[PDB]
Ligand SMILES: [Mg+2]
Ligand SMILES: [Mg+2]
C-alpha cells in the first residue's frame, strides 16, 4: 500500500507528551471532517491562523467580530487543547482606524507637539482597550499570548511601524502590562518574531527584551515563528537562539513552524505535487529529523511547538509560491501531504 493516512498512525503530541505541546494553526472551516479528526488525534494545542488578528476581531472601533475566534476556542475546549493567541499587537493585519486622528488623517503626519502627545495617548488607550476586551473574553482559554508580534526590523533595530513612530517602545511596554493586568499573574506573555535564528536579529530581540525586563515589563517568553526551509537556517543558529533567550530566564516556543521546499523567494516552484522529486521530501525528512532532535535535546527550555497548518493542501506557502511564479506553484512544508498521508518527515519525527 501507499503511505498510511494521518489518522492511522501514532499521534505526534503523544510522542512528545513529556517534552512540549504539539500544535497546529487552524481556520474555523477546518474543524470538521478529516482535518478535525487529524487535529483531535495529533495535536494538543491550537492557534488561530487569522481569526484572532486585530483586524479580524475589531475591524471597526467597537464593532467586535467574535464568531470565527469563538468557534476555534470551542473546539479547543471540547478536545482539551492548549490555545495560543495570534496576536494582540502587530504592525500588520491591524485596522487602519487605530492610527487615524480625530480629524480623519493619519497620526504619523501630525507636527504639533501637544497634538502628537495627545495622539500617543489616544492610540495607547485604543490598544489598551483592544487588549483588555480580548483578554477578558479569552483569559480562561488562552494558555500563551503573543502580546506583540514582529517588532524587530530585519535591517536592524526596532521596526519603525506606525506603532513605533507614535509611541516609541511604549506600545510594547503598555501591551505587556495590560495583558498581565487583565490576564492575571498566570497568563503566559510572549514576544513573537520570525528569523529569530539570524544572529543579528536574535541579538536585537535579546537586547530589547533584556532592557524591557529590567524596567519590570512582564515578559514570560519568546516565540520563534520558524518559517524555515530545507536549506536554511542552520541547526547551530537555531540552538544558539533558543539558548540565548533561556539564559534570560525566558520560555521558548516554536510558533509558526513550516519548512518550505524552496529558498527565498520561492522562484521556480513546482506546479504540481506529482512533479516534486522524492529527493526533496527525503532532504525535508533529514531536516525535520535533526530539528526535532534539537527540540528534544532542549525540551526543558521549550514548552510548545506549533506547525503553521495541518497538511500540505492548506498553507500560506502556496500563496507565496503563486506570488513568485505568476499565479501557479505549490509548496509542501508539513509531515502530512496534500492527501493527508504521512510523509518521510513524519517517520523521522515520530522516532
Ligand atoms: Mg518543555
Ligand atoms: Mg527523529
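At what distance in nm do the modelled label points of residue 347 and residue 36 sit from each other, each positioned 7 Å from its Cα along Cα→Cβ?
So the label points at residue 347 and residue 36 sit 3.2 nm apart.
Taking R0 as 51 Å, what FRET efficiency do you get between residue 17 and residue 165 from their Cβ-Cβ distance, rounded to the nearest 0.05?
0.65
For helix 278-297, report the angle its Cα long axis makes with the longest principal axis of the Cα atoms of the chain; keep it between 0 and 90° and round to the nearest 10°.
For helix 278-297, the angle is close to 60 degrees.
Treat the range 73-132 as a sphere of radius equal to its Kirkwood radius over Cα pairs and apply Stokes-Einstein at 25 °C in a medium of 0.890 mPa s; give the translational diffusion coefficient in µm²/s, rounded to a whole number. Write out the running numbers ahead of the final one.
Details: Rh = 13.9 Å.
The estimated diffusion coefficient comes to 177 µm²/s.
I want to check the label-to-label distance for residue 289 and residue 8. Put each point 7 Å from Cα in the C-beta direction and report it in nm to one decimal.
2.3
Take residue 100, project a point 7 Å from its Cα along the Cβ direction, then tell me which residues of the range 21-56 have their backbone nitrogen under 16 Å from it.
Hits in the range 21-56 for residue 100 at 16 Å: 55-56.
For residue 235, put the label point 7 Å out on the Cα→Cβ axis and report which residues of the range 314-351 keep their amide N under 19 Å from it.
Under 19 Å, as judged by backbone N against the label point of residue 235, lie 335, 344-351 of the range 314-351.
Determine Rg/Rh for the range 236-351; Rg is computed over alpha-carbon atoms and Rh is the Kirkwood hydrodynamic estimate from the same atoms. Don't jump to the answer; show the numbers that get you there.
Working: Rg = 15.3 Å, Rh = 15.2 Å.
That ratio is 1.01, to two decimals.
Scale the Cα Rg of the range 121-179 by the rule-of-thumb value 2.2 N^0.38 Å and send over the ratio, two decimals.
After normalising by residue count via 2.2 N^0.38 Å, the value is 1.20.
Given only helices, namely DSSP H runs of n ≥ 4 each adding -39500 (n - 2.57), what is the per-residue ellipticity at 222 nm of the chain, to the nearest 500 deg cm²/dmol?
-12000 deg cm²/dmol
Any chance you could check the Cα centroid distance between the range 137-173 and the range 233-247 for me, in angstrom?
Cα centroid of the range 137-173 versus Cα centroid of the range 233-247: 22 Å apart.
Looking only at the chain, where both bridge partners belong to it, what percent of the DSSP beta bridges are antiparallel (to the nearest 5)?
That works out to approximately 15 percent antiparallel.
Measure nothing but the geometry: give the 0 to 90° angle between the long axis through the Cα atoms of 199-214 and the longest principal axis through the Cα atoms of the chain, rounded to 10°.
50
Can you give me the angle between helix 67-78 and the longest principal axis of the chain, using Cα atoms only, in degrees from 0 to 90, rounded to the nearest 10?
Here the helix axis deviates by roughly 60 degrees.
For residue 121 and residue 203, FRET efficiency with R0 = 41 Å and r from the beta-carbon atoms, rounded to 0.05?
Using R0 = 41 Å, I get an efficiency of 0.80.
How big, on average over all directions, is the shadow cast by the Cα convex hull of the chain, in nm²?
On the way: hull surface 72.2 nm².
Mean orientational projected area (the chain, Cα hull): 18.0 nm².
Tell me, what is the percent relative contact order of the chain, built from C-alpha pairs under 8 Å that lie six or more residues apart?
17
Residues of the range 178-192 with the amide nitrogen closer than 16 Å to a label point 7 Å from the Cα of residue 133, along Cα-to-Cβ, please.
179
Using ideal geometry, Cβ is built from the backbone for each residue, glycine included, and neighbour counts are taken over all protein chains shown. FYI, it's all coordinate maths here, none of it is from the lab.
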